[PDB]
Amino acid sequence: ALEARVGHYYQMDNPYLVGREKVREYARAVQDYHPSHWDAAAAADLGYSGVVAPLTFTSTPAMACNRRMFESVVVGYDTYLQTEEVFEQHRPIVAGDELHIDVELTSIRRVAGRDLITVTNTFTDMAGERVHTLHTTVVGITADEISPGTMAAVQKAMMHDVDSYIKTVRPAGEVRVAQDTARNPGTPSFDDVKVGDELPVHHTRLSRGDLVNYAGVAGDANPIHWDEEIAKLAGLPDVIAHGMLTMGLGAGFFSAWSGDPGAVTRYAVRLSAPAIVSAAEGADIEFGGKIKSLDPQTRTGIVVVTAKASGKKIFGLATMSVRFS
C-alpha cells in the first residue's frame, strides 16, 4: 500500500516569473560567476535574451511548489533527505521567462529498509513548451529513526511560514518539449575534445555562512544545514551542506570549464556521503571530471563529474550531457 498515491499530480495556480536580480542572487549563493548569469550583454553574446539561470536554480521554486506533496500527500515520514537529482535543461531558463510548475509523485521504491520517493516537476513557459524537467529523489525518515524530541527541536527552530485526501492524476495531453538546437553553444569545439580527457581539478570551499545564505536564498528551512546541535540530534556528525548546493557547485565547476551553462542538456547526480561543514574548518570540496563518450552526429558528449571531501566521495555517479561547438 506504499504505492497507492503514486501518480498523484497537481499544478500551482501561480506561475513563477524569473527575475534578473534573483538569478544573480542564486548564482552568488552557489559561487557561480559565469558571466552569462550576471551580465546581460555577455548572455546576449551567447545568444540569450536575458541573464541565464544557473542550472540548479529550479530547485528553489520547485521546493516551494512541492510543499503540499511532501507535507500532505506523502504520508508516513517526519522528514526527508535528498539522495539523487536529475536536471533536464530542455532550453536554458532566462530572466523574463514566466514558468508554470507542476508536481507528480512518480515512484516510491523500498530498497534495503529505506523508502526512496521520487517527485518530478516540470516548468512550462508562456508558449506552452516544457523548458525544464526536475526529478527529485529523497529518502523518507520515520519518527523512530531519529532521537526522541529531535522533531520537536526542528519544529521549534524552523522559520515562521503561513501556508480528506483525493487522488488526482496528470491529465491526458501531448508535451511540447522546448529545444535549443538553433543556438550555437559556447563550449569547446567537438573536434578539440576526446574521450578520456580529464578536467583540471577545482576546490570549492563552504563555510557555515554559505549554508546560512543558501538556506534563505533557496528557501530551504531544514535546520540540519545550520544548527550543529540539531544536526547531531538527527544522527549527523555535524552541520552538512544542502545536497542542492553541492550540485550547484558541481554545475558551476562544469560551466567554468565548458564556457556555457546553457549547453548542458542533462545533469544527473547521485549523492553519497554528506558534505560536513564544521564551524572550525568548513568544507573543502574537490571537483573533477572525465569525458566518457562523444557522439559526432550531434556533436554532443557525456562527462563524468566527481566530488570528494576529506577522503570521502560526496557524489556517486554524476554525469553532464553537453553540446559541443
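All residue numbers refer to positions in the sequence shown, first residue = 1.
Unmodelled stretch separating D163 from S164: 4 to 9 residues (count of deposited-sequence residues without coordinates). The stretch with the higher mean CA B factor, choosing between 263-271 and 280-288, is 280-288.
Stretches 43-51 and 66-74 differ in mean CA B factor, with 66-74 having the higher one. Residue-level inspection of the entry shows that, of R114, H100, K194, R91, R114 has the top Cα B-factor. Ranking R183, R110, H132, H202 by the C-alpha B-factor listed in the PDB entry places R110 at the top.
Ranked against the other modelled residues of its chain, the C-alpha B-factor of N213 as given in the entry falls in the lowest third. In the deposited entry, the Cα temperature factor of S255 places it in the lowest third of its chain's modelled residues. Among the modelled residues of its chain, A127 has a C-alpha B-factor that falls in the middle third according to the deposited record.
Per the PDB record, residue ranking by Cα B-factor puts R20 in the lowest third of the chain. Ranked by Cα temperature factor within the chain, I240 sits in the middle third according to the deposited record.
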